[PDB]
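Colleague: sequence, then the experimental structure. Questions to follow.
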Amino acid sequence: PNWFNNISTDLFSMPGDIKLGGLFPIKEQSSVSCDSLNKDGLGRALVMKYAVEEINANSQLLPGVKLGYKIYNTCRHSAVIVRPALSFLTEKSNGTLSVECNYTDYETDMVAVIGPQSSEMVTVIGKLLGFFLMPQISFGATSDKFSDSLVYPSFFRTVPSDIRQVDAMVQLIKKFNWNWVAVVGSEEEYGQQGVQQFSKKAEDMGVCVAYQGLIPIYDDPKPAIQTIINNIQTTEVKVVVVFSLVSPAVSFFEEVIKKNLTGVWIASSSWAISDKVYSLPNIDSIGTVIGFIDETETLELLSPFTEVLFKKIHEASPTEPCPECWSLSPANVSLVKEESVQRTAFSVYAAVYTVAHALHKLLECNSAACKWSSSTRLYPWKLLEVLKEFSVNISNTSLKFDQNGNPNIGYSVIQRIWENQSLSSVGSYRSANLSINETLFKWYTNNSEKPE
Amino acid sequence: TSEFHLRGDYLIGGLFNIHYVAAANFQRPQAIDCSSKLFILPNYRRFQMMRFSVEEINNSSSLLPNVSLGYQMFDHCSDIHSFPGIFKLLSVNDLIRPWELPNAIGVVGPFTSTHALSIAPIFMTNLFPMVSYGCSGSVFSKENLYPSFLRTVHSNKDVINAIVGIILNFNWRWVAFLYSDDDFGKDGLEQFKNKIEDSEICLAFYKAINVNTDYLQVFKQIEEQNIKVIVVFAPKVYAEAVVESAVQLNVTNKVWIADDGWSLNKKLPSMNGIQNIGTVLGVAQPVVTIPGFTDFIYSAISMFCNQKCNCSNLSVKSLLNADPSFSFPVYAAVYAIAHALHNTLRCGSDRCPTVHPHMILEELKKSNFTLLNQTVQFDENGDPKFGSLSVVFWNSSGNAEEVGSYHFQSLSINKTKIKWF
Amino acid sequence: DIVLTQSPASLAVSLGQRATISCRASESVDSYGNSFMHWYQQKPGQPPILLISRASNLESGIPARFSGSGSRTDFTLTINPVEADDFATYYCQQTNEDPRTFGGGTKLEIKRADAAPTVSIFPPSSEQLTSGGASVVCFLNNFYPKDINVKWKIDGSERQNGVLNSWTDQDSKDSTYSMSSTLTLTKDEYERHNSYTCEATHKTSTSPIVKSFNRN
Amino acid sequence: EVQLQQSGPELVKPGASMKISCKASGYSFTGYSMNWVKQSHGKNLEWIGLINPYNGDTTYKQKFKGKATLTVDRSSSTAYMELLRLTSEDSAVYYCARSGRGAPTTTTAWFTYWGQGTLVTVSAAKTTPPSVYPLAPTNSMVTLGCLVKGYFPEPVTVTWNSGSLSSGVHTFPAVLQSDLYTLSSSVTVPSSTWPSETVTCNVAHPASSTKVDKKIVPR
Ligand SMILES: *[C@@H]1O[C@H](CO)[C@@H](O)[C@H](O)[C@H]1NC(C)=O
Ligand SMILES: *[C@@H]1O[C@H](CO)[C@@H](O)[C@H](O)[C@H]1NC(C)=O
Ligand SMILES: *[C@@H]1O[C@H](CO)[C@@H](O)[C@H](O)[C@H]1NC(C)=O
Ligand SMILES: *[C@@H]1O[C@H](CO)[C@@H](O)[C@H](O)[C@H]1NC(C)=O
Ligand SMILES: *[C@@H]1O[C@H](CO)[C@@H](O)[C@H](O)[C@H]1NC(C)=O
Ligand SMILES: *[C@@H]1O[C@H](CO)[C@@H](O)[C@H](O)[C@H]1NC(C)=O
Ligand SMILES: *[C@@H]1O[C@H](CO)[C@@H](O)[C@H](O)[C@H]1NC(C)=O
Ligand SMILES: *[C@@H]1O[C@H](CO)[C@@H](O)[C@H](O)[C@H]1NC(C)=O
Ligand SMILES: *[C@@H]1O[C@H](CO)[C@@H](O)[C@H](O)[C@H]1NC(C)=O
Ligand SMILES: *[C@@H]1O[C@H](CO)[C@@H](O)[C@H](O)[C@H]1NC(C)=O
Ligand SMILES: *[C@@H]1O[C@H](CO)[C@@H](O)[C@H](O)[C@H]1NC(C)=O
Ligand SMILES: *[C@@H]1O[C@H](CO)[C@@H](O)[C@H](O)[C@H]1NC(C)=O
Ligand SMILES: *[C@@H]1O[C@H](CO)[C@@H](O)[C@H](O)[C@H]1NC(C)=O
Ligand SMILES: *[C@@H]1O[C@H](CO)[C@@H](O)[C@H](O)[C@H]1NC(C)=O
Ligand SMILES: NC(=[NH2+])NCCC[C@H](N)C(=O)O
Ligand SMILES: NC(=[NH2+])NCCC[C@H](N)C(=O)O
Ligand SMILES: [Cl-]
Ligand code: NA
Ligand code: NA
């Protein structure tokens, strides 16, 4: 809290001796135009800023060596994100990518990659980065496709695999004696994968899926959405699992509210705590929403950091990823203090520290000196060798990465409470044991009892 | 003078997997020696088809007059390790500059949906045209996702429909769907499900399969669940795995439906005991004659990584009799790109007067020309408006006898021709 | 061709009790690890509704008071408890081999307490009289069981020619039957006599329920 | 909803031909066998055959070969069944029925959806409209009738007070005797509501285009 007034104003690009590449969805589309600010993704980007600043301010974690980074907008779009991904692979010295068959002696500009947020984006840069054996940690991408080290050789993850979240969802559903549900998802890797994962896991556990459905992320989602809701009505299902990205889910419930439909709603991490969903006029009418989020710590110092930083940024500007960002200010601390950000912020934090600590181990550092100088060359494939099944205590969390690149992070089962406009704690999911307290569940129904 | 290289005024890329190797952990950031791996005779043949198409066009004063076509070709047995040759085609003086006239103007290939999903995003970024001769993943019809992508084989949706046509033309309604444990096989599973949901066809069993699948137990379940129809949606390697294991385990009296990736397979029909597992049906690419390919091959049988075949002492007639599927798709691929360049230079057919690969893309989309009396065009997605499927039956002479046909906008089957085991 | 023989042909079961209908096939209808014997309910004037497929798989929307069992050549449908609208013909069906064949059917009646009919009689309308015809209608409404005897009487004399009868199907609410007895005469014949009697005898009573009118 | 809609009842001469239709909606027409079923009066179900609407393959029970022809029209999602050289034996109800999902063969398939049915009446007798007579008559309840006499062929529909009088209504099955049917319906209402509130017999005979209303008035 006193290293707080030395932190640089540089928001997306920070000079250092070893560099991390950052990939965040900072501005998306409402050639290729990226119009709209993602406030949650700007926030996660802020967490990596905070984490790096704090690591460097720690005099004994990478002693004598300054952590640096380049953060880039992904726009959740192929053409936008491959450009900075390729930029991570340019040689440190020459700022170019040479065409070659053996990159073992090749010194890249970044030693590791933090991000991207979305499983769609990982399928765009995963194998490229994987070929280079460049460590990439996702603070966000949950799809089980990335759990194969043979297909994604340098993939790591601070949040759990969705194979487990759907296990969490189906165990809950079994617990509540519901055998007739529907599954909805967004039409892209995340929702597509979850719907299949849920469907397969549902009937393995004897839950007859009455209907499945995908919501377009390109063109008009609304007509696909009515067919979805008609199938929901005609199957006469009370429980609908919405395994979907945030933007289409808003389009979805917009129409769900429109038909005064109710029932129980199962929420996936991606929208379970989105203000965009819950601020929908009359979303409280839709009934009961039960959710799943990654069980995370609360970064106690995030919000203060941001506040000194945002003052400093207001102080620094006017000067020349986020066009309008260096006009931000202490009023803008809403960004990191959003519940969406606060409860996922730890993922970004652990990603950066996980790399940070690995590097410490790579350079054989104790608390005063690192085996390092200006002639030290770092190849990503050496860092990867260290990160393999890496164990590390970050803050209060004991973090074990399995050989798939998956973490030992489970879930917290939550419920949406409308009259308060809040979320309560109704249980947990750690390992494959779902532990919920039936009594703590509130049931938005005619007589407040549970459906069925 | 390597087979993989050939200089020219404009370069077209060529992505092939001539060798095969199962995925394996690797500790270093470097290419794979594919040359010491398992040779694929049918892939090398398609490989040669590209070389023949370029030579044939080079022989022509009609198409690209006094403009030579060159190529950089690759054998990428692993999709993970293909990026050096990728970087080659997209580089300007063997440098990649991520923020900004490349070595090549377009690329033919790749063969595999898995190869495609791995590299295509890097190509799409600058509307660098890829024309696949093989990738059938239906995700590639979404043009916003893959803007400079086109192909000369149909989507999995179409082939899956034909397969379902075959199933419906008969009386069995329980089916096993065995599919390769990759994106191709998976997409096929999705499309198959999508197609039969509102149907008398009941998917009674399915399983992703690989070369190390416990085929013994896959087949006990199938039996105990009394399934007679076994659709196998898989490419050569995986197909031979299934079928070869089917013979070693007295699997008998089944109806096997093949897709066009193994219905004209050549190892399996001549295999000892194949006739004991029941009857083999399938959709096949109808054999298209490519005048002059035979002479070409006799002439050919006669560095940078993944550009070495290691395949001398190769029999010229093995090559020629290898499964000929995907021939015309390669053929039409090269010709497609050549025609697109011919029109971007605005050549007449006597002579030709700076080509950016996206300029190739717009003419590629507008493609409209005849080839072996076929019309070659694409829809606004990049999918081909040409090609058909024949329905074949494996008979007693080791031949895929043609017993019917499918046309993508209009099935017919002569059932007497099928002799059931 | 497989013959299905159902038993019993007819059956009456009180409300809330158990109905056991059986079906016997000439040959086995097993194949593919299943028994292709199905159960259908046909209500009067309606299409058959599929209750149970493959010997024992209950179909959507059909209450669990319907169930079945059996294999090879012996199959049973059970209805427990029986409810007021379950009167119908129940058919079994095999689809094991071509051609499909149906059992001759079992008719389930709802058994209830015996009830005597309410008996009304109607002289011809003046409208029919002009046509040259004359029907004397008798309604025998809401009785049980179905076995009833009607007799017409024109001046003490019993009349058998010209009598047409018709029963309704069992009633969905009160489980009774009704019947109509129409004696059609010529107007000349009808105006030839004076006293018309419709007399119904039923196990409910010793004595017949007689209903009469004088044409004058 | 899946629906199977059939043609209305037909009156057809001996030795003539007729074609029954089954408009299918609410599913993919070509994905399931359409089956046909004959039921005589003397209730027995009999399988005529099926057709595969994907290729038009047909399968028949032997006694209907050369007597029934199943066709389909994919552009209207209709199944057809033509009956030939009709005799009084073909006088029956016919059902179209769709096969279900779950069977291992098209042959083993069972019947989940049914048409409402098509009555076929094979006769040389000519269409006749009904005569509708009123059956008017001291208890709490009073019974009123309505005789529907001398029509051909089946069916007739009988309602009371435009359907408002449902409870206490018996409409009896027609009896045939001389190529004319006779139906009678009764209605039982309270003694006070009549003749205060008019009670009207509604009789409709489509085949002859007859819609007669009769009020029942006291004698
Ligand atoms: C930290 O900032 C303080 C004053 O805020 C200054 O004295 C000091 O030089 C800074 N420490 C550094 C740059 O290490
Ligand atoms: C930068 O350095 C590497 C070797 O250190 C070389 O391969 C590459 O071509 C250089 N970049 C240039 C020359 O632009
Ligand atoms: C790749 O380069 C490394 C480091 O120089 C070297 O040790 C190794 O031999 C090379 N691998 C090859 C040529 O396959
Ligand atoms: C910062 O806050 C102001 C108003 O408080 C707002 O206009 C501006 O858009 C904010 N910037 C963000 C949210 O990035
Ligand atoms: C984490 O904490 C545990 C318990 O305090 C300790 O035993 C272990 O050494 C730590 N692991 C690390 C620092 O990797
Ligand atoms: C939200 O309502 C819950 C009851 O579920 C309560 O426990 C919690 O304290 C409330 N939070 C508020 C009012 O901020
Ligand atoms: C479950 O919830 C109720 C809430 O009042 C509480 O009484 C009880 O202690 C809880 N049971 C547990 C945690 O086992
Ligand atoms: C060619 O491949 C074989 C294995 O198939 C290997 O033994 C041989 O050394 C290879 N020749 C080369 C790489 O020159
Ligand atoms: C092209 O022309 C040469 C003669 O220069 C001929 O030998 C060869 O067969 C031709 N190749 C083709 C048409 O592929
Ligand atoms: C033909 O092409 C050559 C290069 O291959 C060029 O030098 C020459 O000018 C051209 N000849 C013509 C157009 O007559
Ligand atoms: C193969 O044959 C053995 C007996 O010879 C039999 O027990 C087994 O079931 C057969 N396997 C099949 C049909 O898959
Ligand atoms: C394609 O080209 C032929 C002649 O090249 C022409 O007849 C045909 O109409 C064209 N089709 C189009 C432009 O769609
Ligand atoms: C098998 O098919 C081939 C190709 O159509 C045909 O020429 C040959 O006669 C067939 N052999 C048989 C039927 O044994
Ligand atoms: C159908 O098959 C038979 C038997 O092979 C053959 O003789 C006949 O030509 C075929 N019918 C056609 C092609 O119309
Ligand atoms: N909180 C969120 N909106 N998360 C969305 C990004 C991560 C998402 N689970 C994916 O795989 O794409
Ligand atoms: N391993 C394979 N996928 N081989 C077959 C390549 C061609 C196949 N149609 C595909 O799209 O993938
Ligand atoms: Cl992202
Ligand atoms: Na030329
Ligand atoms: Na495209």
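Modeller: It's in. Residues are numbered from 1 along each chain as shown, chains lettered A, B, ... in the order given. Ligands and ions are numbered 1, 2, ... in the order given.
Colleague: which residues touch residue C:80?
Modeller: By CB atoms under 8 Å, 6 or more residues apart in numbering or on different chains, the contact list for residue C:80 reads C:17, C:18, C:19, C:65, C:67. For the C-beta atoms, the positions are set from N, CA and C on the backbone; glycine is no exception.
Colleague: same deal with residue B:250?
Modeller: When the contact criterion is CB under 8 Å, 6+ apart, the partners of residue B:250 are residue B:276.
Colleague: and residue B:387, how far is that from residue A:129?
Modeller: In this view, residue B:387 and residue A:129 are 36 Å apart by CB to CB, to the nearest Å.
Colleague: the two - which one has more neighbours?
Modeller: Neighbours per residue (other CB atoms under 10 Å in any protein chain shown) separate residue B:387 from residue A:129, with residue A:129 holding more: 26 against 20.
Colleague: quick one: contacts of whatever helix or strand the more buried one lives in?
Modeller: Counting by DSSP states H and E, the element that carries residue A:129 is helix A:119-131. Contact with helix A:119-131 is made by A:23, A:25, A:74, A:76, A:78, A:81-82, A:85-86, A:88-89, A:113, A:115-116, A:136, A:138, A:141-143, A:145-146, A:151-155, A:188-190, A:193, B:29, B:79-81, B:83, B:117-119, B:121-122, as judged by CB under 8 Å, 6+ apart.
Colleague: with stretch B:224-234 instead?
Modeller: The list of residues contacting stretch B:224-234 from outside it, by CB under 8 Å, 6+ apart, reads B:160, B:163, B:167, B:172, B:174-180, B:184-185, B:188-189, B:192, B:204-205, B:209, B:222, B:239, B:241-243, B:253-259, B:261-262, B:278, C:32-33, D:104.
Colleague: need the buried ones from those residues selected in ChimeraX.
Modeller: The following ChimeraX line selects those of those that are buried, judged by 16 or more other CB atoms under 10 Å in any protein chain shown:
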select /B:160,163,167,172,174,175,176,177,178,179,180,184,185,188,189,192,204,205,209,222,239,241,242,243,254,255,256,257,258,259,261,262,278 /C:32 /D:104
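Colleague: out of the contacts of stretch B:224-234, list just those in helices.
Modeller: Secondary structure defined by DSSP state H assigns B:160, B:163, B:167, B:184-185, B:188-189, B:192, B:222, B:239, B:241-243 of the contacts of stretch B:224-234 to helices.
Colleague: pick out the most distant pair among the residues you listed.
Modeller: Maximum pairwise distance among the ones in helices among the contacts of stretch B:224-234 (CB to CB): 22.8 Å, between B:167 and B:241.
Colleague: contacting residues for the residue of chain B at minimum distance from ligand 15?
Modeller: In chain B, the residue found nearest to ligand 15 is residue B:145; the distance is 15.5 Å by CB to the nearest ligand atom. Residue B:145 sits next to A:78, A:218, B:139 when contact means CB under 8 Å, 6+ apart.
Colleague: any chance of these in a markdown table, plus secondary structure and distance to residue B:315?
Modeller: Shown next, in a markdown table, are the contacts of residue B:145 (DSSP: H, G, I helix; E, B strand; the rest coil; distance: CB to CB, whole Å):
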| residue | secondary structure | distance to residue B:315 |
| --- | --- | --- |
| A:78 | helix | 44 |
| A:218 | coil | 50 |
| B:139 | helix | 39 |
